[PDB]
Amino acid sequence: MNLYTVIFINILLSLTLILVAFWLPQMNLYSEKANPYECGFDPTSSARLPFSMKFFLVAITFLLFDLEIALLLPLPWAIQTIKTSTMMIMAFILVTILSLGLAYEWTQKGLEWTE
Amino acid sequence: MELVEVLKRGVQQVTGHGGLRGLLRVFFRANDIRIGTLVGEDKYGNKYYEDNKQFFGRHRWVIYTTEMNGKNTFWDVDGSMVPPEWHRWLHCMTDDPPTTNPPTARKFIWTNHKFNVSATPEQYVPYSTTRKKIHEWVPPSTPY
Amino acid sequence: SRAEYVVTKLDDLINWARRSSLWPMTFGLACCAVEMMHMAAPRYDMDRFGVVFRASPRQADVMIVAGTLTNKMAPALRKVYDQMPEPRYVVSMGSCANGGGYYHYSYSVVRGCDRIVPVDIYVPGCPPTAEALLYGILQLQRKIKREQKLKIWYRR
Amino acid sequence: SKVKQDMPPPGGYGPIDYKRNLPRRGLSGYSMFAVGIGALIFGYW
Amino acid sequence: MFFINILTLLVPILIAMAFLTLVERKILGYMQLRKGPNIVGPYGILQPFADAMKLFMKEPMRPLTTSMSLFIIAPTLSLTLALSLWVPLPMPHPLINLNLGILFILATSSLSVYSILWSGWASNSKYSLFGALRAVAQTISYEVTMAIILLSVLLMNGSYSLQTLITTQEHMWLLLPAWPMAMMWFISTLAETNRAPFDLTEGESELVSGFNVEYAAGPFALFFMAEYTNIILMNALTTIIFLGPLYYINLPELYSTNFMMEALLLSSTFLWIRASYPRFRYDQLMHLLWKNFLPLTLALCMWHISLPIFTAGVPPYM
Amino acid sequence: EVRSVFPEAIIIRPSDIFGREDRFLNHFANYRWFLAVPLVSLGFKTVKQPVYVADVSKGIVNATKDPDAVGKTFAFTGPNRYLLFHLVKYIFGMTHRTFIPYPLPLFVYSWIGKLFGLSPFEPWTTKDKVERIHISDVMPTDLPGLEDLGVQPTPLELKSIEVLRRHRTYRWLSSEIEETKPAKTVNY
Amino acid sequence: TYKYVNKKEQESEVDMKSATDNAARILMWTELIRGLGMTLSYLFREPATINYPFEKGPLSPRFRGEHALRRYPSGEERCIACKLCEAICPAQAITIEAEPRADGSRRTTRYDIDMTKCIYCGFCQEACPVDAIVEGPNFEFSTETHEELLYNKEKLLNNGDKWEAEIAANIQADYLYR
Ligand SMILES: CCCCCCCCCCCCCCCCCC(=O)OC[C@H](COP(=O)(O)OCCN)OC(=O)CCCCCCCCCCCCCCCCC
Ligand code: SF4
Ligand code: SF4
Ligand code: SF4
């Protein structure tokens, strides 16, 4: 409950701070100040439109590498086992497999962006 | 060594403005302590110190007054309060202060300088210096 | 002691805050902006006074019209001034912006930013020495120092 | 009197340097790698 | 008394943020041949308070195109996470003794990204969304290396607890065993926190203040102090992990003092780095941190798996 | 008393004025933060003839120039007498939010106005504001008006969007005036 | 004559030593420690800044700032309404309207300068045949109103009676060049 308490304290700090920021100052609202910036001129279209991402393959392989992290992360407990050879070989195999996949992607120009 | 000598120089800086009162009066008010030579005092209170061992923006400086024309410049200081006799020496148009090479006296020159007046009363308001050009006809004060 | 005195000192505090931290905008149009840069530069450092630029007008407390204002660039200026959140101040910098300047009588010039934004302080020059712009900024500080808002609110 | 026009002095001015001078410095690289691997092996021991 | 402990952990960190802003400005000044703030206080020791007060007196911007819920909630989350990250920090005795502190840190930061990434979307505008997508790319870049670096480093500590590193470093630092992992960790802490040269989300000359262009007041201030709090956190992490100070069970305040010294050094190093270099490109960052850092990271992970074994240096589980 | 002490005066009597920063249309529109709008008698038995600001201003500005209008009153009313329920409905259609009205007696709505008037700042609602909202506009048929002074009254259906777009959300901000089914009127 | 800036003379000479040096440039950021050291050197230099209101920038007598209408040592008004300061003013900032003074003297009834049109060029003072209007040293005359920066004869004469002690010296210094 100590940790819950610390987090609630930080939460309430942030919310009290926002309450102050909103209800302490003065307001003069009108449509010409509440509309999006776009550098002095007006936008030509909405921002809720497609933004083509040109690193999507990199995103997906980041997901798979995240899973590889999740598999590598038990090693500090895997080392206090009696075998210490099966874990060695298996971790070697996992890392080498990941490196092989990275190399295939690299050579096939997956780390390059879709111009 | 030299660390001790710079500490001595800082001690002299701390202890060459009178006391704590006189030190804070300069430190909270100009954010500097650097001691120099008093060139001369003005007819309002300004002090116009000098130290040529510094470089060519700080070899000359001012310490303003706390009351120029009933305005309480202890905090609200402005560069319009340097009169022209010292303006020339402070902006480094000369190596010749007015305590040695003073200016010519003239009946029409202002004696008392005036700082910038922009929002106060006794500021400036423009107006046509000219006169009525097209005069009107004043009719008579009788009938028929 | 008195509520009015407490209000006066509180207003002194809020003015001190807004005065010791006024964040101008990266909004410069013409030559006068070069002297604005020179003010930002080492000799006449602005950050010494708590005056650092911010690119967005919403993270800004003041705008300095450092250049010539044209008929094609006036809507943008007004959009930017509008988007700035109040309290906000304007400094017209240079003859081209105080009045029309050297381009007063031309077809594509507005003859002062007075017609588009409300100016608090006028800085003359073509260009104005950054020394002079700095004087004008400290004069704007002095203007903020005497706002007397909560005083008059108490007296409503 | 005679004229005075801010001419240069008698004997020209000194030689102004204009060429680039970025001084090649630093260790060899063999030395740096030796230091690194030595720190590394001592740390492992 | 736990609440007084919360105070002694939270308020000094906020003053530290506030005066780090001053230190940043003044160090960048003197590197730039100028004096930073020396006016508002004696040597400018009140400019942070002035900035805060002035920011909380400005009118906040509630635009029309925005999604107000995410808009208001993102700075809240930002500061909350920046301030909860300081919780398990052993300096030397922590406030909250967790057994998986580094996983808490990792998850908390990967969630801290979502402040940027939802504020940018909620603030319906172009440069805002640019900053958001750049944050996505940045996290894609750095998260893998951060995790595998930290794994390789704790693979000679034996646990994810932060407090065990103090005993792992009772007679030495982990910088001499792992200076390469330390390099890459430093630059990934530099990619995290969105700090130059890896800024790329408030990149004022590429974007016009991304993910804050529509934020004006105390919300923007919250983002600001969240950034400047995460900076000190990451310096504290680097100096707890690699630059292990002296514990001395009778003299724990010595640990706290050396921790202070090293954290200040590394934070001033962040500011130095801001002053010195130009900005990367957010695709060049990917190319760097995939094609240079991840190969060597995996290779050195293999090395640090082998090393406990062929040296008989397997650490203990508590 | 102004007529007594300064005859040869001019007294302009406008109805509820509406403009960008008014306290009338924005006032009705700001009843969305509370989840419903109260209206005495459901808003019926109350009539409103609101005028645009620019018409009032032009009328004043011509009154300071017309040789007539020296000792005369004026009814700056605007056309299209609206009924309060339908006026608020048009507001809440232009501002595309919702419309959950409900009735409320004048005494409790007045008490609400009082406790909202306990405000050191510029309050939101007050007893006198409630009263002034819930008393019909007088028929101006015995006073000159704008047309006798040189101004065509601009109808509210022509200017409402300018002031009420501030309150529209995204999903309804970029929406036109011809999607609001204008208000039913009366003559009475 | 010309010269190449980024043209290698010739390539293809590498041994393990040069490879080690390049691989240590890489992997140690050696050409970045130089930038760090440069910025560190700059941290320990004297900053170029100045406490502005108390110590200021260096100017010369030729500096041209606020205007002024001067007088003779007798106090006589020095302008004569020859009306060419406005002939040459390339901003059309100056107006003059002149009459006889009832002493029988060519003098002005008007001397206005829209200092929001002035470009501070000096043409008026190098065109005046009597050294009447000058461009003085004051650069600290910012205002909170446009109307204050529209001057007339009285304001310019106030400036002259204020700044004569400076302007006389500046003129004494700069003549023999003009
Ligand atoms: C016993 C046998 C086994 C032993 C095994 C160990 C063998 C030795 C291992 C040495 C490896 C050291 C780690 C090197 C990682 C960097 C890899 C690299 O090549 O540099 C990356 C990047 C590339 O630069 P570039 O010129 O473009 O070359 C790339 C061409 N493909 O260049 C960059 O990253 C620069 C961009 C980032 C700039 C950020 C600013 C850095 C400022 C320097 C601060 C240094 C402070 C570090 C202190 C850390 C303390 C925790
Ligand atoms: S006033 Fe002069 S310096 Fe300034 S923008 Fe105009 S022409 Fe350029
Ligand atoms: S040129 Fe000189 S003398 Fe002639 S009108 Fe102008 S100021 Fe007067
Ligand atoms: S300095 Fe040039 S622009 Fe200014 S008034 Fe004189 S002639 Fe005109």
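Shown for chain G, in order and in Swiss-Prot numbering: 35-212.
Here the Cβ of each residue, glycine as well, is placed from N, Cα and C on the backbone.
Annotated [4Fe-4S] cluster 1-binding residues in Swiss-Prot are G:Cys113, G:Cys116, G:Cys119, and among G:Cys155, G:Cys162 the one listed with them is G:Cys162. Note: the [4Fe-4S] cluster 2 site is recorded as G:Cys123, G:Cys152, G:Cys155, G:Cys158; in the same chain, G:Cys119, G:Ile122, G:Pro124, G:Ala125, G:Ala127, G:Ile128, G:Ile147, G:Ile153, G:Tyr154, G:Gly156, G:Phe157, G:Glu169 also have Cβ atoms within 8 Å of that site's Cβ centroid.
Under the DSSP three-state reduction, G:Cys123 ([4Fe-4S] cluster 2 binding site) is assigned to coil, being neither helix nor strand. Under the DSSP three-state reduction, G:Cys158 ([4Fe-4S] cluster 2 binding site) is assigned to helix. Within its own chain, the domain '4Fe-4S ferredoxin-type 1' (G:104-133) has Cβ neighbours under 8 Å at 140-149, 151-153, 155, 157-158, 161-168, 191, 194-195, 198, 201, counting only residues six or more beyond its boundaries. The Cβ centroid of G:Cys113, G:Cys116, G:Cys119, G:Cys162 marks the [4Fe-4S] cluster 1 site; residues of that chain outside this set whose Cβ lies within 8 Å of it are G:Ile114, G:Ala115, G:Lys117, G:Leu118, G:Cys158, G:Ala161, G:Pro163, G:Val164, G:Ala166, G:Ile167, given in sequence order. Straight-line distance linking the Cα atoms of G:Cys162 ([4Fe-4S] cluster 1 binding site) and G:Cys155 ([4Fe-4S] cluster 2 binding site), rounded to a whole number, equals 14 Å.
Around the Cβ of G:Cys162 ([4Fe-4S] cluster 1 binding site), a 10 Å sphere holds 18 further Cβ atoms from the protein chains shown.
Take the binding-site residues G:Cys113, G:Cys116, G:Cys123, G:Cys158: by the count of other Cβ atoms within 10 Å of each Cβ, the lowest one is G:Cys116. Taking the C-alpha positions, the distance from G:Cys119 ([4Fe-4S] cluster 1 binding site) to G:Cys158 ([4Fe-4S] cluster 2 binding site) comes to 5 Å.
The Cβ of G:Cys152 ([4Fe-4S] cluster 2 binding site) has G:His101, G:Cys123, G:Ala125, G:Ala127 as same-chain neighbours under 8 Å, each 6 or more residues away in sequence. The binding-site residues near ligand 4, defined by a Cβ under 6 Å from one of its atoms, do not include any of G:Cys113, G:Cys116, G:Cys162.
Of the listed binding-site residues, namely G:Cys119, G:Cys155, the sparsest Cβ surroundings within 10 Å are found at G:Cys155.
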